[PDB]
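1. how would this look folded up:
(7 chains, ligands or ions: 12)
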Amino acid sequence: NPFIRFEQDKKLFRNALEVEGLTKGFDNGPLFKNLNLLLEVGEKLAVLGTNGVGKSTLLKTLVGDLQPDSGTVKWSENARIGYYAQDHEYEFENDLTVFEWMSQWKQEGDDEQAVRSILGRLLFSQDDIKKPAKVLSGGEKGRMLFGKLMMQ
Amino acid sequence: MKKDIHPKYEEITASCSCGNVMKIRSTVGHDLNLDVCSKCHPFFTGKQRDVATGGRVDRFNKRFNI
Amino acid sequence: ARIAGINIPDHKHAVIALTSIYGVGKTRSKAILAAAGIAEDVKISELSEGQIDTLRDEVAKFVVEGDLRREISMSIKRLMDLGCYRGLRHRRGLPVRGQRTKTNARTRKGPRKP
Amino acid sequence: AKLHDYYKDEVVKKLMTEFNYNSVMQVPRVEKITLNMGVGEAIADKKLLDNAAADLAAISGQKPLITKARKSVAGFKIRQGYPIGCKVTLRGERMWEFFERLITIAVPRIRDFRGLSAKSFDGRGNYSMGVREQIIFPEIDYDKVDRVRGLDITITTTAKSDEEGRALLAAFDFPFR
Amino acid sequence: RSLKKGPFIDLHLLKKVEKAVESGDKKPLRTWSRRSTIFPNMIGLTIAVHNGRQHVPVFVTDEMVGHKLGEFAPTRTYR
RNA sequence: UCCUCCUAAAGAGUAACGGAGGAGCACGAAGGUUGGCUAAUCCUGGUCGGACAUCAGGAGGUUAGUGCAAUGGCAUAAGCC
RNA sequence: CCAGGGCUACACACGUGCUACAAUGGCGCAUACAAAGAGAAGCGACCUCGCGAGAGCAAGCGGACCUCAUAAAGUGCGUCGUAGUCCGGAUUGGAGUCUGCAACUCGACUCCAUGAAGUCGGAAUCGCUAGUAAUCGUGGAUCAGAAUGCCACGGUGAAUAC
Ligand SMILES: Nc1ncnc2c1ncn2[C@@H]1O[C@H](COP(=O)(O)OP(=O)(O)OP(=O)(O)O)[C@@H](O)[C@H]1O
Ligand SMILES: [Mg+2]
Ligand SMILES: [Mg+2]
Ligand SMILES: [Mg+2]
Ligand SMILES: [Mg+2]
Ligand SMILES: [Mg+2]
Ligand SMILES: [Mg+2]
Ligand SMILES: [Mg+2]
Ligand SMILES: [Mg+2]
Ligand SMILES: [Mg+2]
Ligand code: NA
Ligand code: NA
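-> Numbers count the residues shown, from 1 in each chain, chains lettered A, B, ... in the order given. Ligands and ions are numbered 1, 2, ... in the order given. Have a look at this structure:
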């Protein structure tokens, strides 16, 4: 049972997100029509709906990598976003050792003693930290992204 | 050198606000305008005038209006 | 913008973006703009380099972050090594202007500890 | 470079007259300039080694060698082979021009300028200097800086006596006391 | 902070410092006038200030020429 | 059961419930070859920097190093790239 | 009887309050609507000087007439766009004014600068039934100076009681 726990470096108050008139579509036109919402702090928003519809691409627009047709997305002032993409191959196509890949995201005020603690809690013991990052299991890769969110 | 691992090195026109036109090569790639140089540095006067705050007798005597 | 240390805040009215300098408040900020002919309502982003140039030199009349943070540091240090009563209060971290230390004075004492 | 010509035109004759030499080769001369940046806390933050390397390659147009620890010392929890700092050795015309663009603009910009000590000598004719900050050099645009790291300059000359090495550095308008 | 009337010093101490500068340095002067300011002329003396029960001797120096005499005599103890 | 030193009496060997320590492996490089390199420890000058980190000189000389215990070796290096 | 100090001390705990944590708010400009009370070593217009606390001359008044004395919330326009912020105002440095023989211990107020805790408060607990609660300002006693306390006056003005 891996020990995962996300903390928060700088808590932010009042609204955390606001989306005003976010109509967007690729070639069907209204992927989502006239979206309008305001997301507070502490919300746990589960976006449902199932298949081919913009179940994703909402998250992609919120992070910005998918430009919207019309509308503006105003993140909070200090909002720091940890993104766990559905398709995360691009961050492992580059072939670094697991230790270096987890060490990319070390922050100001921590060691590679504290870098390896995340991998230890994520059950990468002594040899599975020497594998190329490319050759890892799907779950062993989702966990390695969880340990990047935890680290950031 | 070792085949383009070092940064680029081209001549720049370093000039002071008081002049001091010099033609040096530096790792900036864009010209700079900065303060005085050692040619006209106030080393014989800056440290002489560095001490300015001090002496409460004249402050006391300046208020002496009575 | 860029004034003595950094006048980084844009999108702020110049009368108020100037406050972010250590030594420039509100009425001293208003004197700077008035003596340089810039309107208060005008944002720093709208403020072109044609008037920032005469804004950098305007602040030079008054003391600023680098000098002031030492100018007062000498003043506090002057009392402590002098041995005055106000110097004694500075050493122990107690109120200096003669106020209650019986129950209040948590700003100078610090956090409440047992 | 300009300082090389200045030396080989004026200082040779000046010092031959002063010290009563007999050959042009006897008067001392600058041999190299060694710049180091001992970050120490590379183990605390390895990417700060890359930041320091960028800063020193900006200061002097040469890539830094990343030095490694030599002995496993238990006073700071580092062992053999651990990268500790960066270093650059400057010789020739690059050395001369870095010397020039130190003396002319980098030295006067130090806050609270008093004067470089004349007792910072090793007893054989070499000079060492700490600068306390790299912003004093014009190579940083207040953008790469997250630390206030400084350089160590070591001017290594072929002088044999410390009084001989003093006059050579004096003749180059060094900001002594 | 006594406005435009000038600096205040007790009369019995004005003559004490005056008649003491004439003959140079002597034994410390004993005074209870804590409220009297330190004029520039009394520099170098060791006037003894009465903090309630004992006289503490203060060596008057250049920097101490605007503060009152009692500013340099703690009148209560602690620890 | 195996390895190293002393007892072991300057060839080999040599006992005791004699005095001391180790092994039941490791390494696709810590194997082969070619090219190069030389340590510990202090003594003097500098940002955090400290008795001890990195830099530059000098003394020293192999007092270091050897995947693992001890002995014998090792500069033509068997030590380090 | 006198001078100086103490009642103002500060690891801490408690009670009663003031100011806040902001947008039905902060700031700038302009303009309305009160009641009650005090004044002779006292209140002190108008004018001039000072960024300001105040200073110089100085009329009127022991008074429904003179002065303290400009009510503030409000209303209209403009800006700030959710930030420790154009919120908050502690703390601190420098420069002063005024009472008072005298402002260091130990006064009030003013100017310039720094700008902290604080982003609605655990168990628990208090006040209020109508011009009341909440909020906004005004005056008096004490008093040379020194109240966020006490006493007193008005403006806006609710919710609910099965
Ligand atoms: N990169 C792209 N280029 C072109 N069209 C795209 C791209 N990504 C998505 N689309 C189109 O937009 C639609 C929206 O896809 P979306 O990612 O929202 O689906 P989804 O509900 O998350 O799917 P699933 O659960 O199957 O992953 C797609 O079905 C496709 O038609
Ligand atoms: Mg034998
Ligand atoms: Mg034999
Ligand atoms: Mg036999
Ligand atoms: Mg081997
Ligand atoms: Mg070989
Ligand atoms: Mg070999
Ligand atoms: Mg009492
Ligand atoms: Mg009356
Ligand atoms: Mg806080
Ligand atoms: Na998807
Ligand atoms: Na798989």
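2. quick one: residues contacting residue D:16.
-> Taking C-beta atoms under 8 Å, 6 or more residues apart in numbering or on different chains, we find residue D:16 in contact with D:24, D:26, D:27. The way it works is simple: take the backbone N, C-alpha and C, and place the C-beta from them, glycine included.
3. which non-adjacent residue is nearest residue D:79?
-> Spatial nearest neighbour of residue D:79, chain neighbours left out: residue D:72 (4.1 Å); criterion: C-beta to C-beta, 6 or more residues apart in numbering or on different chains.
4. distance check, that neighbour against residue D:78.
-> Separation of residue D:72 from residue D:78 (C-beta to C-beta, to the nearest Å) stands at 7 Å.
5. have a look at those two and say which one is more surrounded.
-> Between residue D:72 and residue D:78, residue D:78 has the larger neighbour count (other C-beta atoms under 10 Å in any protein chain shown), namely 19 against 11.
6. looks like that one contacts residue D:71 (just checking).
-> No - using C-beta atoms under 8 Å, residue D:78 is not in contact with residue D:71; the gap is 9.2 Å.
7. helix, strand or coil for the closest residue to residue C:30 other than its chain neighbours?
-> Among residues not flanking residue C:30 along the chain, residue C:15 sits closest, at 6.1 Å (C-beta to C-beta, 6+ apart). Look at residue C:15: counting by DSSP: H, G, I helix; E, B strand; the rest coil, its state is helix.
8. need the contact list for residue C:15.
-> Applying C-beta under 8 Å, 6+ apart, we find residue C:15 in contact with C:26, C:29, C:30, C:33, C:40.
9. make sure the residue nearest to residue D:79 is indeed in a helix.
-> No - applying three-state DSSP, one finds residue D:72 to be coil, outside a helix.
10. quick one: contacts for it?
-> D:78, D:79, D:80.
11. among the residues you listed, which lie within helices?
-> With DSSP state H as the criterion, helices contain none of these.
12. please enumerate the strands of the chain.
-> By default, I'm working from chain A. Taking DSSP state E, the strands of chain A run over residues A:17-20, A:36-39, A:72-75.
13. you looked at the wrong chain, it should be chain E
-> E:30-31, E:48-50, E:55-57.
14. please verify my assumption that residue A:98 contacts residue A:134.
-> No - judged on C-beta under 8 Å, residue A:98 makes no contact with residue A:134 at a distance of 10.3 Å.
15. who's more crowded, these two?
-> Per other C-beta under 10 Å, whichever of residue A:98 and residue A:134 has more neighbours is residue A:98, with 21 against 13.
16. do you know how far the residue nearest to the more buried one when sequence neighbours are not counted is from residue C:68?
-> Of all residues not flanking residue A:98 in the chain, residue A:129 sits nearest, at 4.8 Å (C-beta to C-beta, 6+ apart). Between residue A:129 and residue C:68 the distance is 52 Å, computed by C-beta to C-beta.
17. cool, and residue B:47?
-> 21 Å.
18. now the residue nearest to residue A:88 when sequence neighbours are not counted: how far from residue C:80?
-> Excluding its sequence neighbours, the residue lying closest to residue A:88 (C-beta to C-beta, 6+ apart) is residue A:145, at 6.0 Å. Separation of residue A:145 from residue C:80 (C-beta to C-beta) stands at 55 Å.
19. next: residue D:37.
-> Where residue C:80 is concerned, residue D:37 sits at a distance of 37 Å (C-beta to C-beta).
20. helices along chain C, start to end?
-> Going by DSSP H, chain C shows helices at C:14-17, C:27-36, C:49-56, C:65-82, C:85-92, C:106-109.
21. export those to CSV and tack on distance to residue A:91?
-> Output for those, formatted as CSV (distance: least, C-beta to C-beta, whole Å):
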stretch, distance to residue A:91
helix C:14-17, 40
helix C:27-36, 48
helix C:49-56, 42
helix C:65-82, 42
helix C:85-92, 54
helix C:106-109, 48
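22. so which of those helices is the most surrounded?
-> Most buried of the helices of chain C by mean neighbour count (mean count of other C-beta atoms under 10 Å in any protein chain shown) is helix C:14-17; its value is a mean of 20.
23. how far does that one sit from the chain's center?
-> 14 Å (C-alpha atoms, centre = their mean, to the nearest Å).
24. can that helix be said to contact RNA strand G?
-> Yes - applying C-beta under 7 Å from any atom of the strand, one finds helix C:14-17 touching RNA strand G at residue C:16.
25. quick revisit: make JSON lines out of the strands of chain A and add mean neighbour count and distance to RNA strand F.
-> As requested, the strands of chain A are exported to JSON lines (neighbours: other C-beta atoms under 10 Å in any protein chain shown; distance: least, C-beta to the nearest atom of the strand, whole Å):
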{"stretch": "strand A:17-20", "mean neighbour count": "16", "distance to RNA strand F": "41"}
{"stretch": "strand A:36-39", "mean neighbour count": "12", "distance to RNA strand F": "43"}
{"stretch": "strand A:72-75", "mean neighbour count": "14", "distance to RNA strand F": "36"}
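26. ok and the residue in chain A nearest chain C?
-> Relative to chain C, the nearest point of chain A is residue A:77 (12.5 Å; C-beta to the nearest C-beta).
27. can you redo the strands of chain A as a markdown table with distance to chain E?
-> Compiled in a markdown table, these are given as follows (distance: least, C-beta to the nearest C-beta, whole Å):
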| stretch | distance to chain E |
| --- | --- |
| strand A:17-20 | 54 |
| strand A:36-39 | 55 |
| strand A:72-75 | 53 |
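28. out of those, which gets nearest to residue A:54?
-> When the strands of chain A are compared by C-beta to C-beta, strand A:17-20 sits nearest residue A:54, at 13.0 Å.
29. so what touches the closest one?
-> A:35-39, A:62, A:71-76, A:79.
30. may I see these arranged in TSV, with distance to ligand 11 as well?
-> What follows is the contacts of strand A:17-20, written out as TSV (distance: C-beta to the ion, whole Å):
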residue	distance to ligand 11
A:35	17
A:36	22
A:37	20
A:38	24
A:39	20
A:62	13
A:71	20
A:72	23
A:73	19
A:74	24
A:75	21
A:76	25
A:79	23
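31. could those residues go into JSON lines alongside distance to residue A:125?
-> Converted to JSON lines, the contacts of strand A:17-20 look like this (distance: C-beta to C-beta, whole Å):
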{"residue": "A:35", "distance to residue A:125": "45"}
{"residue": "A:36", "distance to residue A:125": "49"}
{"residue": "A:37", "distance to residue A:125": "44"}
{"residue": "A:38", "distance to residue A:125": "45"}
{"residue": "A:39", "distance to residue A:125": "39"}
{"residue": "A:62", "distance to residue A:125": "36"}
{"residue": "A:71", "distance to residue A:125": "47"}
{"residue": "A:72", "distance to residue A:125": "47"}
{"residue": "A:73", "distance to residue A:125": "42"}
{"residue": "A:74", "distance to residue A:125": "44"}
{"residue": "A:75", "distance to residue A:125": "38"}
{"residue": "A:76", "distance to residue A:125": "39"}
{"residue": "A:79", "distance to residue A:125": "36"}
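32. returning to that earlier point: closest to chain A out of the contacts of residue D:72?
-> Set against chain A, the nearest of these by C-beta to the nearest C-beta is residue D:78 (11.8 Å).
33. burial measure for the residue nearest to that closest one when sequence neighbours are not counted, as a count.
-> In space, and not counting its chain neighbours, residue D:78 is closest to residue D:69: 5.2 Å by C-beta to C-beta, 6+ apart. Residue D:69 has 17 neighbours, counted by other C-beta under 10 Å.
34. give me the distance between residue D:69 and RNA strand G.
-> 40 Å (C-beta to the nearest atom of the strand, to the nearest Å).
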